[PDB]
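Colleague: One structure, as structure tokens, below. Some questions next.
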Amino acid sequence: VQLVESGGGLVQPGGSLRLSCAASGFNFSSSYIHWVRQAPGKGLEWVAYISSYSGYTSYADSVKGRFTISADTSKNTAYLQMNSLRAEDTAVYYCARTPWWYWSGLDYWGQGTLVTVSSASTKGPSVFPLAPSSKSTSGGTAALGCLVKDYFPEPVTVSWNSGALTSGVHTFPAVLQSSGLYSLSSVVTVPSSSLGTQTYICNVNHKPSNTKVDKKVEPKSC
Amino acid sequence: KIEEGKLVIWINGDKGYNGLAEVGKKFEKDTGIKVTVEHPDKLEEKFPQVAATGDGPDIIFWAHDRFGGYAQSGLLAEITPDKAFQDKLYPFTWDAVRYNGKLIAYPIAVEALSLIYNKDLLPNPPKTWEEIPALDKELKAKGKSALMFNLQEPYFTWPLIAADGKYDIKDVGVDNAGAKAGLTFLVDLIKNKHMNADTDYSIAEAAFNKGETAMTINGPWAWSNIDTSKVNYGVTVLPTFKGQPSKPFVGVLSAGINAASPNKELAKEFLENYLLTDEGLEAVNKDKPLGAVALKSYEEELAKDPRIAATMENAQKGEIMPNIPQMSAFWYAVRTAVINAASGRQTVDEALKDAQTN
Amino acid sequence: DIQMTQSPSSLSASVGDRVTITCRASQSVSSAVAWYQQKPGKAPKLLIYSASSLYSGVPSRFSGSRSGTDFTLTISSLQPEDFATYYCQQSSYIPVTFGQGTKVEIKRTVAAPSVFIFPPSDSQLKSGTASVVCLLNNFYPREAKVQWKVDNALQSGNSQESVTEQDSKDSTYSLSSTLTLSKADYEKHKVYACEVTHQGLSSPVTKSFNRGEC
Ligand SMILES: OC[C@H]1O[C@H](O[C@H]2[C@H](O)[C@@H](O)[C@@H](O)O[C@@H]2CO)[C@H](O)[C@@H](O)[C@@H]1O
């Protein structure tokens, strides 16, 4: 069972995007497809639904006249065509379904796709090491990291040693700088005695710019 | 021709036609307008015959699946409930009665088949279809049988046929291997003398209500004759087949207005302001239960009855009926296939191939 | 349009506590109310439908109930993994509407942060900017206060911070703070310091480096 969204991403304001939701593993022809959106740090907002059974569609007041919901039962795919896009429409967009029967909830949900509405250009991050202190405590724990600075739009992913190091990892939420570019940090704590002897590499991916960087993090030399 | 200044209503003989008549009497006691409720035989085949030349009742009740064919032939008036009336029903129920984007009937209630069982013969009903032969052998040794249900109407056999899982029957999708598996199981129940190919609605009802069979398969309308019978009964989830839930085709009992009726405004008043109210539906429901009613205010009450919770459980596992104009052909092809396989006139494979052809 | 109001908007409760979130419908919806749990970064997951039906597979510590127009989600015994935002939703009317969400965090004993400062890398300065980073690792409660000092002068307006979601096993937070300056401004000063104030610390802790020292 799955709902797979596609088609999101950076769009200019006043512009347009078509979101797809490809379904499988349930009866699409008698389900209702809903689009529910979530703006950064805010709650869920239901925007539109369509009955596969009858073709009936309806809309939240906030999107009426700009968004069109549709569905092609023959490819089990539903759509949300978004026109005259605004800053207020920036959100992760989820497709979700309900079955035919009126007492159900939204049982199946898509992974969400991020729609960003702004004029800014796509920019890959720079990646700098946060190097472990030369004063790291003997027989103690050390911290190290990478700072993933000045990218747009979200998101960025960070792994350590290609996914093999997960324990003690914290990747922080990005903050939006006054420049309009995001910055984030990811850190991990390791034993101090392993700084001479183990390798720690941060693996940063920014899909929107097709940036992938691997950065070895080590104590600074004098 | 249809008489002006009165209402004629057709509803099926298994539904609460006396209770509906009482709603007719309230209508008349306060408008002067006489309401006649009839339940003719094969009403669902007569209505398109008589309506085509402008005859028939002003209002017809049936499950929604036949309404598409009627709307396509121009036999149904588009109904005009205002946005506020529509908000009195669960929003999804309106979809069962939309045809080409137009509203062509009022939804009344969601009906799904359940397993009904005699708690004194069978305190723990079987979880699976497969175990029914062994249960029947046990019960036969005491002069009883495990299960009797109407084998003449494909509505009652569909949940089994549909359970497991180009091979369309009249443009309805069917899992070929799954329909073969279900229908073979049903043919084997008959060959092995656990059920009889000739059992129909009356025979199965009389056997259950007389305590001769431990289980039947029926809808909510059936419960009031069981209440009268004093059988200590329960309503429960249908058995599974090949580990999968039985999947009934679910009908929404709906009320359409004849396109040729000179009483469209009166019918609308009767439906919106007399029937689709707590008082109206309660009248029909005390005669024969409706199932899960579309009217939010009244369904809110009924939904605590465990019989209705069972009805809802079986509905969640089944599939709303399509309302494509082919549905009448679809049911007839299934009916023919089940009867010919069950009697042994044809094999399962031959019967299913015939249903899938043209 | 129907408004669904959840109370409270936020709550803190210990593992093993019984938790109640209530939702009041703007006009009368019928038992047509579902509850969802949403982890941050993720799709909401259905918990309860038709007000009191437990969705298949959901742990039986979750239950739903109704009293007139008040809907109640109960977690009978709160688990460290239950931190999330919970949402009620009505489907008696179109437009479908969601409550505003109730944020549940796990209450636990006080835990002090461990503090780390990082100077800007050489590669960064090489481009015109200097970001200095202060890490507070694994603390509770969430309210930690970071104060940057540059040659002992208080800083204001030139730093930003963010906090992780609560850890699923030990229920702690971590916090990162970035002080951002021009390479030119960074080079006018010697001592860079981050001072951390928090319930678990009996007095503020300061980590610092001297620019260009090792
Ligand atoms: O058997 C095919 C028949 O099935 C359904 O009819 C049901 C009806 O929905 C119930 O209300 C109750 O009357 O039993 C009937 C089964 O005898 C379809 O709705 C009908 O069109 C179809 O012919």
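In the structure tokens, chains take the letters A, B, ... in the order shown, each chain's residues start at 1, and ligands count up from 1 in the order shown.
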Within 6 Å of ligand 1, which residues show up when you count only C-alpha atoms and all ligand atoms? List them as a PyMOL selection string, please.

Modeller: chain B and resi 63+65-66+153-155+251+331

Colleague: Range 54-143 of chain A near range 95-113 of chain C within 12 Å: what's each residue's closest atom pair and its distance in Å to one decimal, counting only C-alpha atoms, ordered by chain then ascending residue number, as a Markdown table?

Modeller:
| residue | atom | partner | partner_atom | distance |
| --- | --- | --- | --- | --- |
| A:57 | CA | C:95 | CA | 10.7 |
| A:58 | CA | C:95 | CA | 7.5 |
| A:59 | CA | C:95 | CA | 6.8 |
| A:60 | CA | C:95 | CA | 5.9 |
| A:61 | CA | C:95 | CA | 8.5 |
| A:62 | CA | C:95 | CA | 10.9 |
| A:63 | CA | C:95 | CA | 11.7 |
| A:64 | CA | C:95 | CA | 11.5 |
| A:98 | CA | C:96 | CA | 11.8 |
| A:105 | CA | C:96 | CA | 10.9 |
| A:106 | CA | C:96 | CA | 10.9 |

Colleague: Considering only C-alpha atoms, can you say which of A:222, A:208, A:46, A:3 comes closest to residue 212 in chain C?

Modeller: A:222

Colleague: Where does chain B meet chain A within 8 Å, residue by residue, with the nearest atom pair and distance in Å to one decimal for each, counting only C-alpha atoms, listed by chain and rising number, as a tab-separated table?

Modeller:
residue	atom	partner	partner_atom	distance
B:90	CA	A:102	CA	6.4
B:91	CA	A:102	CA	7.3
B:92	CA	A:102	CA	5.5
B:93	CA	A:102	CA	7.0
B:95	CA	A:54	CA	5.6
B:96	CA	A:54	CA	7.6
B:98	CA	A:54	CA	6.1
B:99	CA	A:54	CA	7.0
B:100	CA	A:54	CA	7.4
B:101	CA	A:54	CA	6.5
B:315	CA	A:101	CA	7.7
B:316	CA	A:101	CA	6.8
B:319	CA	A:100	CA	7.7
B:320	CA	A:100	CA	6.8

Colleague: Could you go through range 7-209 of chain C and tell me which residues DSSP, when run on the backbone, assigns to strand (DSSP E), listing them as a PyMOL selection string?

Modeller: chain C and resi 7+10-14+19-25+33-38+45-49+53-54+62-67+70-75+84-90+97-98+102-107+114-118+129-139+145-150+153-154+159-163+173-182+191-197+205-209

Colleague: Which polymer residues have any atom within 8 Å of an atom of residue 145 in chain A, counting only C-alpha atoms, with same-chain residues fewer than 5 positions away left out, as a ChimeraX atom specification?

Modeller: /A:129-132,185-188,202,217

Colleague: Let's have the selection written as a PDB file, in the first residue's frame, with N, CA, C and O atoms.

Modeller:
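So the final result, stored in selection.pdb, reads:
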ATOM      1  N   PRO A 129      33.994  22.116   8.371  1.00  0.00           N
ATOM      2  CA  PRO A 129      34.177  21.258   9.542  1.00  0.00           C
ATOM      3  C   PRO A 129      33.981  22.046  10.862  1.00  0.00           C
ATOM      4  O   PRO A 129      34.394  23.211  10.957  1.00  0.00           O
ATOM      5  N   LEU A 130      33.349  21.403  11.836  1.00  0.00           N
ATOM      6  CA  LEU A 130      33.392  21.844  13.218  1.00  0.00           C
ATOM      7  C   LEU A 130      34.352  20.898  13.893  1.00  0.00           C
ATOM      8  O   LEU A 130      33.986  19.770  14.270  1.00  0.00           O
ATOM      9  N   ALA A 131      35.592  21.334  14.025  1.00  0.00           N
ATOM     10  CA  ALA A 131      36.697  20.461  14.448  1.00  0.00           C
ATOM     11  C   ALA A 131      36.708  20.282  15.957  1.00  0.00           C
ATOM     12  O   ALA A 131      36.473  21.253  16.693  1.00  0.00           O
ATOM     13  N   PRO A 132      37.014  19.049  16.403  1.00  0.00           N
ATOM     14  CA  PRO A 132      37.097  18.652  17.802  1.00  0.00           C
ATOM     15  C   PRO A 132      38.179  19.434  18.551  1.00  0.00           C
ATOM     16  O   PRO A 132      39.334  19.554  18.065  1.00  0.00           O
ATOM     17  N   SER A 185      23.569  22.741  11.147  1.00  0.00           N
ATOM     18  CA  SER A 185      24.689  22.027  11.731  1.00  0.00           C
ATOM     19  C   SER A 185      24.277  20.592  12.018  1.00  0.00           C
ATOM     20  O   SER A 185      23.128  20.335  12.287  1.00  0.00           O
ATOM     21  N   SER A 186      25.243  19.678  11.910  1.00  0.00           N
ATOM     22  CA  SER A 186      25.121  18.316  12.344  1.00  0.00           C
ATOM     23  C   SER A 186      26.415  17.987  13.122  1.00  0.00           C
ATOM     24  O   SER A 186      27.531  18.355  12.692  1.00  0.00           O
ATOM     25  N   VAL A 187      26.250  17.304  14.251  1.00  0.00           N
ATOM     26  CA  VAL A 187      27.329  17.018  15.198  1.00  0.00           C
ATOM     27  C   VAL A 187      27.189  15.562  15.642  1.00  0.00           C
ATOM     28  O   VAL A 187      26.106  14.959  15.540  1.00  0.00           O
ATOM     29  N   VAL A 188      28.283  15.039  16.198  1.00  0.00           N
ATOM     30  CA  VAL A 188      28.305  13.762  16.799  1.00  0.00           C
ATOM     31  C   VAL A 188      29.343  13.777  17.904  1.00  0.00           C
ATOM     32  O   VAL A 188      30.332  14.519  17.846  1.00  0.00           O
ATOM     33  N   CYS A 202      31.426  13.610   7.219  1.00  0.00           N
ATOM     34  CA  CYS A 202      30.056  13.959   7.029  1.00  0.00           C
ATOM     35  C   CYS A 202      29.676  13.988   5.549  1.00  0.00           C
ATOM     36  O   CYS A 202      30.451  14.414   4.675  1.00  0.00           O
ATOM     37  N   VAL A 217      36.279  15.243   9.005  1.00  0.00           N
ATOM     38  CA  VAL A 217      36.434  16.187  10.099  1.00  0.00           C
ATOM     39  C   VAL A 217      37.515  15.743  11.035  1.00  0.00           C
ATOM     40  O   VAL A 217      37.442  14.669  11.639  1.00  0.00           O
TER      41      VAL A 217
END

Colleague: Which residues of range 97-198 of chain A have any atom within 12 Å of an atom in range 167-171 of chain C when counting only C-alpha atoms, and what is the closest pair of atoms for each, with the distance in Å to one decimal? Order the rows by chain and rising number and write it as a Markdown table.

Modeller:
| residue | atom | partner | partner_atom | distance |
| --- | --- | --- | --- | --- |
| A:167 | CA | C:167 | CA | 11.6 |
| A:168 | CA | C:167 | CA | 10.5 |
| A:169 | CA | C:167 | CA | 11.0 |
| A:170 | CA | C:167 | CA | 9.8 |

Colleague: Please produce an output containing N, CA and C atoms for each residue in the selection, written as a CSV table (one decimal), in the first residue's frame.

Modeller:
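Everything below was put into out_8.csv:
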chain,number,residue,atom,x,y,z
A,167,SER,N,24.8,6.6,16.1
A,167,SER,CA,24.7,6.8,17.6
A,167,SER,C,25.4,8.1,18.1
A,168,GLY,N,24.7,8.9,18.9
A,168,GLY,CA,25.3,10.2,19.3
A,168,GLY,C,25.2,11.3,18.2
A,169,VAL,N,24.6,11.1,17.0
A,169,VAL,CA,24.4,12.1,16.0
A,169,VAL,C,23.2,13.0,16.3
A,170,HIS,N,23.4,14.3,16.2
A,170,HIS,CA,22.3,15.2,16.1
A,170,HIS,C,22.4,16.2,14.9

Colleague: So that each row is one residue of chain C with an atom at most 8 Å from chain A, can you give its shortest atom pair and the distance in Å to one decimal, using only C-alpha atoms, rows by chain and rising number, as CSV?

Modeller:
residue,atom,partner,partner_atom,distance
C:32,CA,A:103,CA,6.1
C:33,CA,A:105,CA,7.8
C:34,CA,A:105,CA,5.6
C:42,CA,A:111,CA,7.0
C:43,CA,A:111,CA,6.0
C:44,CA,A:109,CA,7.4
C:45,CA,A:107,CA,7.2
C:46,CA,A:107,CA,5.6
C:48,CA,A:105,CA,7.7
C:49,CA,A:105,CA,5.3
C:50,CA,A:103,CA,5.5
C:94,CA,A:58,CA,7.6
C:95,CA,A:60,CA,5.9
C:96,CA,A:46,CA,6.3
C:97,CA,A:46,CA,6.4
C:98,CA,A:44,CA,6.5
C:100,CA,A:43,CA,5.7
C:101,CA,A:43,CA,6.5
C:116,CA,A:143,CA,6.9
C:118,CA,A:130,CA,5.9
C:119,CA,A:130,CA,7.5
C:120,CA,A:130,CA,7.5
C:121,CA,A:129,CA,6.4
C:123,CA,A:128,CA,6.9
C:124,CA,A:128,CA,6.6
C:160,CA,A:175,CA,7.2
C:161,CA,A:175,CA,7.2
C:162,CA,A:173,CA,5.9
C:163,CA,A:172,CA,6.2
C:164,CA,A:172,CA,5.5
C:174,CA,A:170,CA,7.6
C:175,CA,A:172,CA,7.7
C:176,CA,A:172,CA,7.2
C:214,CA,A:222,CA,6.3

Colleague: From the set A:89, A:205, A:1, A:71, which residue has the shortest atom-to-atom contact distance to residue 39 in chain A, counting only C-alpha atoms?

Modeller: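 Among the listed residues, the smallest separation from residue 39 in chain A belongs to A:89.
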
Colleague: Where in range 74-137 of chain B does DSSP assign alpha helix (DSSP H), given as an MDAnalysis selection string?

Modeller: chainID B and resid 83:86 132:137

Colleague: Could you save those same residues with N, CA, C and O atoms as a PDB file, in the first residue's frame?

Modeller:
ATOM      1  N   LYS B  83     -28.035  23.588  -0.155  1.00  0.00           N
ATOM      2  CA  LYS B  83     -26.762  23.231   0.435  1.00  0.00           C
ATOM      3  C   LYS B  83     -26.903  22.821   1.891  1.00  0.00           C
ATOM      4  O   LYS B  83     -26.190  21.903   2.349  1.00  0.00           O
ATOM      5  N   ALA B  84     -27.844  23.460   2.587  1.00  0.00           N
ATOM      6  CA  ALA B  84     -28.183  23.183   3.991  1.00  0.00           C
ATOM      7  C   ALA B  84     -28.912  21.834   4.246  1.00  0.00           C
ATOM      8  O   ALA B  84     -28.828  21.250   5.345  1.00  0.00           O
ATOM      9  N   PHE B  85     -29.678  21.362   3.262  1.00  0.00           N
ATOM     10  CA  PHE B  85     -30.304  20.070   3.421  1.00  0.00           C
ATOM     11  C   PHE B  85     -29.213  19.005   3.222  1.00  0.00           C
ATOM     12  O   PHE B  85     -29.158  18.021   3.968  1.00  0.00           O
ATOM     13  N   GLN B  86     -28.365  19.219   2.219  1.00  0.00           N
ATOM     14  CA  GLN B  86     -27.319  18.279   1.873  1.00  0.00           C
ATOM     15  C   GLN B  86     -26.378  18.037   3.089  1.00  0.00           C
ATOM     16  O   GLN B  86     -25.834  16.889   3.245  1.00  0.00           O
ATOM     17  N   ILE B 132     -16.854 -24.427   7.811  1.00  0.00           N
ATOM     18  CA  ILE B 132     -18.296 -24.661   7.763  1.00  0.00           C
ATOM     19  C   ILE B 132     -18.695 -26.148   7.452  1.00  0.00           C
ATOM     20  O   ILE B 132     -19.562 -26.664   8.086  1.00  0.00           O
ATOM     21  N   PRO B 133     -18.023 -26.815   6.518  1.00  0.00           N
ATOM     22  CA  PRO B 133     -18.329 -28.227   6.320  1.00  0.00           C
ATOM     23  C   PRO B 133     -18.217 -29.052   7.627  1.00  0.00           C
ATOM     24  O   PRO B 133     -19.125 -29.801   7.911  1.00  0.00           O
ATOM     25  N   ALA B 134     -17.133 -28.877   8.414  1.00  0.00           N
ATOM     26  CA  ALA B 134     -16.934 -29.650   9.646  1.00  0.00           C
ATOM     27  C   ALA B 134     -17.996 -29.275  10.704  1.00  0.00           C
ATOM     28  O   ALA B 134     -18.516 -30.119  11.411  1.00  0.00           O
ATOM     29  N   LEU B 135     -18.330 -28.019  10.778  1.00  0.00           N
ATOM     30  CA  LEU B 135     -19.365 -27.569  11.695  1.00  0.00           C
ATOM     31  C   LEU B 135     -20.752 -28.159  11.350  1.00  0.00           C
ATOM     32  O   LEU B 135     -21.518 -28.558  12.231  1.00  0.00           O
ATOM     33  N   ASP B 136     -21.060 -28.168  10.063  1.00  0.00           N
ATOM     34  CA  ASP B 136     -22.301 -28.713   9.564  1.00  0.00           C
ATOM     35  C   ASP B 136     -22.453 -30.228   9.887  1.00  0.00           C
ATOM     36  O   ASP B 136     -23.534 -30.688  10.264  1.00  0.00           O
ATOM     37  N   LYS B 137     -21.361 -30.976   9.729  1.00  0.00           N
ATOM     38  CA  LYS B 137     -21.343 -32.400  10.097  1.00  0.00           C
ATOM     39  C   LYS B 137     -21.686 -32.559  11.578  1.00  0.00           C
ATOM     40  O   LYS B 137     -22.495 -33.434  11.975  1.00  0.00           O
TER      41      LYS B 137
END

Colleague: Once you count only C-alpha atoms, what closest atom pair and distance in Å to one decimal does each residue of chain C within 8 Å of chain B have, with rows by chain and rising residue number, as a Markdown table?

Modeller:
| residue | atom | partner | partner_atom | distance |
| --- | --- | --- | --- | --- |
| C:30 | CA | B:296 | CA | 6.4 |
| C:31 | CA | B:300 | CA | 7.0 |
| C:92 | CA | B:90 | CA | 6.0 |
| C:93 | CA | B:91 | CA | 6.6 |
| C:94 | CA | B:91 | CA | 7.2 |

Colleague: For the selection just defined, write its residues with N, CA, C and O atoms to a file, as a tab-separated table (two decimals), in the first residue's frame.

Modeller:
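Listed below is the output, result07.tsv:
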chain	number	residue	atom	x	y	z
C	30	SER	N	-20.98	15.06	14.07
C	30	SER	CA	-21.54	13.87	14.67
C	30	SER	C	-20.27	13.11	14.94
C	30	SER	O	-19.22	13.66	14.62
C	31	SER	N	-20.32	11.91	15.52
C	31	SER	CA	-19.08	11.17	15.90
C	31	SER	C	-18.04	11.03	14.83
C	31	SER	O	-17.11	10.22	14.97
C	92	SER	N	-17.71	15.50	9.31
C	92	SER	CA	-19.14	15.73	9.14
C	92	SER	C	-19.52	16.76	8.10
C	92	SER	O	-20.62	16.68	7.56
C	93	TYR	N	-18.62	17.71	7.84
C	93	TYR	CA	-18.83	18.74	6.83
C	93	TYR	C	-17.63	18.90	5.94
C	93	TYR	O	-16.51	18.64	6.37
C	94	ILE	N	-17.89	19.28	4.68
C	94	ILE	CA	-16.86	19.71	3.77
C	94	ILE	C	-16.90	21.26	3.75
C	94	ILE	O	-17.98	21.81	3.72

Colleague: Please indicate the distance in Å from CA of residue 218 in chain B to CA of residue 46 in chain B, rounded to one decimal place.

Modeller: 24.5 Å

Colleague: Which residues are near residue 189 in chain C? Cut-off 8 Å, only C-alpha atoms, ignore same chain within fewer than 6 positions. Put them as a PyMOL selection string.

Modeller: chain C and resi 150-151+211

Colleague: Using only N, CA, C and O atoms, please write the residues we just selected to a file, as a compact mmCIF listing (two decimals), in the first residue's frame.

Modeller:
# COMPACT_ATOMS: atom_id res chain seq x y z
N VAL C 150 31.99 38.52 23.19
CA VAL C 150 33.15 38.69 22.33
C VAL C 150 34.04 39.74 23.05
O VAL C 150 33.61 40.87 23.25
N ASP C 151 35.23 39.34 23.48
CA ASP C 151 36.09 40.14 24.41
C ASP C 151 35.25 40.66 25.56
O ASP C 151 35.31 41.84 25.92
N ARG C 211 41.03 33.66 19.45
CA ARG C 211 41.21 33.63 17.99
C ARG C 211 42.70 33.41 17.65
O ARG C 211 43.56 34.09 18.18

Colleague: For residue 210 in chain B, work out the shell of residues within 12 Å, counting only C-alpha atoms and skipping chain neighbours fewer than 2 positions away, then give it as a list in words.

Modeller: residues 118, 144, 202, 203, 204, 205, 206, 207, 208, 212, 213, 214, 215, 216, 225, 226, 227, 228, 229, 230, 231, 232 and 233 of chain B

Colleague: Let me see the file: selected residues, N, CA, C and O atoms, as a PDB file, in the first residue's frame.

Modeller:
ATOM      1  N   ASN B 118     -27.372 -18.130  15.613  1.00  0.00           N
ATOM      2  CA  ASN B 118     -28.197 -18.499  16.713  1.00  0.00           C
ATOM      3  C   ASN B 118     -27.231 -18.766  17.890  1.00  0.00           C
ATOM      4  O   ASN B 118     -26.456 -19.731  17.829  1.00  0.00           O
ATOM      5  N   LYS B 144     -29.681 -30.521  12.941  1.00  0.00           N
ATOM      6  CA  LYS B 144     -29.631 -29.103  12.567  1.00  0.00           C
ATOM      7  C   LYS B 144     -28.655 -28.918  11.392  1.00  0.00           C
ATOM      8  O   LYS B 144     -27.970 -29.870  10.985  1.00  0.00           O
ATOM      9  N   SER B 202     -37.017 -17.080   1.277  1.00  0.00           N
ATOM     10  CA  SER B 202     -38.002 -17.591   2.246  1.00  0.00           C
ATOM     11  C   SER B 202     -37.596 -18.826   2.948  1.00  0.00           C
ATOM     12  O   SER B 202     -37.835 -18.967   4.173  1.00  0.00           O
ATOM     13  N   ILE B 203     -37.041 -19.757   2.209  1.00  0.00           N
ATOM     14  CA  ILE B 203     -36.651 -21.022   2.840  1.00  0.00           C
ATOM     15  C   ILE B 203     -35.569 -20.712   3.900  1.00  0.00           C
ATOM     16  O   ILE B 203     -35.601 -21.231   5.018  1.00  0.00           O
ATOM     17  N   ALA B 204     -34.610 -19.881   3.556  1.00  0.00           N
ATOM     18  CA  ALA B 204     -33.485 -19.674   4.470  1.00  0.00           C
ATOM     19  C   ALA B 204     -33.964 -18.909   5.718  1.00  0.00           C
ATOM     20  O   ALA B 204     -33.586 -19.236   6.864  1.00  0.00           O
ATOM     21  N   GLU B 205     -34.795 -17.889   5.495  1.00  0.00           N
ATOM     22  CA  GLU B 205     -35.433 -17.183   6.615  1.00  0.00           C
ATOM     23  C   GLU B 205     -36.285 -18.074   7.535  1.00  0.00           C
ATOM     24  O   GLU B 205     -36.178 -17.987   8.780  1.00  0.00           O
ATOM     25  N   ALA B 206     -37.162 -18.903   6.954  1.00  0.00           N
ATOM     26  CA  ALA B 206     -37.955 -19.771   7.802  1.00  0.00           C
ATOM     27  C   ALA B 206     -37.073 -20.778   8.578  1.00  0.00           C
ATOM     28  O   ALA B 206     -37.305 -21.022   9.756  1.00  0.00           O
ATOM     29  N   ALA B 207     -36.047 -21.339   7.945  1.00  0.00           N
ATOM     30  CA  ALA B 207     -35.131 -22.299   8.657  1.00  0.00           C
ATOM     31  C   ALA B 207     -34.403 -21.588   9.816  1.00  0.00           C
ATOM     32  O   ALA B 207     -34.332 -22.105  10.905  1.00  0.00           O
ATOM     33  N   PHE B 208     -33.925 -20.381   9.611  1.00  0.00           N
ATOM     34  CA  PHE B 208     -33.221 -19.703  10.690  1.00  0.00           C
ATOM     35  C   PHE B 208     -34.168 -19.304  11.825  1.00  0.00           C
ATOM     36  O   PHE B 208     -33.858 -19.522  13.020  1.00  0.00           O
ATOM     37  N   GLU B 212     -33.761 -24.073  12.998  1.00  0.00           N
ATOM     38  CA  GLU B 212     -33.313 -25.318  12.317  1.00  0.00           C
ATOM     39  C   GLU B 212     -31.911 -25.208  11.750  1.00  0.00           C
ATOM     40  O   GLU B 212     -31.289 -26.261  11.425  1.00  0.00           O
ATOM     41  N   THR B 213     -31.433 -23.974  11.544  1.00  0.00           N
ATOM     42  CA  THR B 213     -30.090 -23.768  10.985  1.00  0.00           C
ATOM     43  C   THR B 213     -29.353 -22.792  11.914  1.00  0.00           C
ATOM     44  O   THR B 213     -29.989 -21.888  12.475  1.00  0.00           O
ATOM     45  N   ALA B 214     -28.035 -22.984  12.119  1.00  0.00           N
ATOM     46  CA  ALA B 214     -27.345 -22.173  13.088  1.00  0.00           C
ATOM     47  C   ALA B 214     -27.041 -20.749  12.594  1.00  0.00           C
ATOM     48  O   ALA B 214     -26.751 -19.879  13.417  1.00  0.00           O
ATOM     49  N   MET B 215     -26.945 -20.546  11.271  1.00  0.00           N
ATOM     50  CA  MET B 215     -26.446 -19.236  10.686  1.00  0.00           C
ATOM     51  C   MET B 215     -27.219 -18.932   9.424  1.00  0.00           C
ATOM     52  O   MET B 215     -27.623 -19.853   8.721  1.00  0.00           O
ATOM     53  N   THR B 216     -27.402 -17.645   9.160  1.00  0.00           N
ATOM     54  CA  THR B 216     -27.812 -17.195   7.889  1.00  0.00           C
ATOM     55  C   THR B 216     -26.969 -15.963   7.465  1.00  0.00           C
ATOM     56  O   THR B 216     -26.155 -15.430   8.247  1.00  0.00           O
ATOM     57  N   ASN B 225     -38.140  -9.658  11.772  1.00  0.00           N
ATOM     58  CA  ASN B 225     -38.757 -11.017  11.786  1.00  0.00           C
ATOM     59  C   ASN B 225     -38.002 -11.954  12.703  1.00  0.00           C
ATOM     60  O   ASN B 225     -38.578 -12.861  13.231  1.00  0.00           O
ATOM     61  N   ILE B 226     -36.701 -11.747  12.895  1.00  0.00           N
ATOM     62  CA  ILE B 226     -36.001 -12.627  13.862  1.00  0.00           C
ATOM     63  C   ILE B 226     -36.424 -12.259  15.293  1.00  0.00           C
ATOM     64  O   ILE B 226     -36.684 -13.153  16.120  1.00  0.00           O
ATOM     65  N   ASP B 227     -36.506 -10.952  15.589  1.00  0.00           N
ATOM     66  CA  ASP B 227     -36.985 -10.469  16.905  1.00  0.00           C
ATOM     67  C   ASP B 227     -38.310 -11.098  17.293  1.00  0.00           C
ATOM     68  O   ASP B 227     -38.489 -11.622  18.408  1.00  0.00           O
ATOM     69  N   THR B 228     -39.263 -11.007  16.359  1.00  0.00           N
ATOM     70  CA  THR B 228     -40.570 -11.706  16.467  1.00  0.00           C
ATOM     71  C   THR B 228     -40.442 -13.202  16.752  1.00  0.00           C
ATOM     72  O   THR B 228     -41.252 -13.737  17.456  1.00  0.00           O
ATOM     73  N   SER B 229     -39.453 -13.884  16.137  1.00  0.00           N
ATOM     74  CA  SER B 229     -39.257 -15.331  16.269  1.00  0.00           C
ATOM     75  C   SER B 229     -38.708 -15.778  17.645  1.00  0.00           C
ATOM     76  O   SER B 229     -38.712 -16.993  17.985  1.00  0.00           O
ATOM     77  N   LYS B 230     -38.199 -14.833  18.434  1.00  0.00           N
ATOM     78  CA  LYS B 230     -37.563 -15.178  19.747  1.00  0.00           C
ATOM     79  C   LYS B 230     -36.201 -16.005  19.714  1.00  0.00           C
ATOM     80  O   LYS B 230     -35.582 -16.233  20.763  1.00  0.00           O
ATOM     81  N   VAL B 231     -35.757 -16.452  18.533  1.00  0.00           N
ATOM     82  CA  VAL B 231     -34.378 -16.991  18.398  1.00  0.00           C
ATOM     83  C   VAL B 231     -33.463 -16.012  19.122  1.00  0.00           C
ATOM     84  O   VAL B 231     -33.512 -14.781  18.898  1.00  0.00           O
ATOM     85  N   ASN B 232     -32.632 -16.547  20.002  1.00  0.00           N
ATOM     86  CA  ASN B 232     -31.580 -15.726  20.578  1.00  0.00           C
ATOM     87  C   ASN B 232     -30.447 -15.525  19.530  1.00  0.00           C
ATOM     88  O   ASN B 232     -29.564 -16.378  19.364  1.00  0.00           O
ATOM     89  N   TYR B 233     -30.414 -14.394  18.851  1.00  0.00           N
ATOM     90  CA  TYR B 233     -29.460 -14.247  17.732  1.00  0.00           C
ATOM     91  C   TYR B 233     -28.344 -13.219  17.949  1.00  0.00           C
ATOM     92  O   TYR B 233     -28.512 -12.316  18.764  1.00  0.00           O
TER      93      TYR B 233
END

Colleague: So what do you get for CA of residue 337 in chain B versus CA of residue 353 in chain B, distance-wise?

Modeller: 8.9 Å
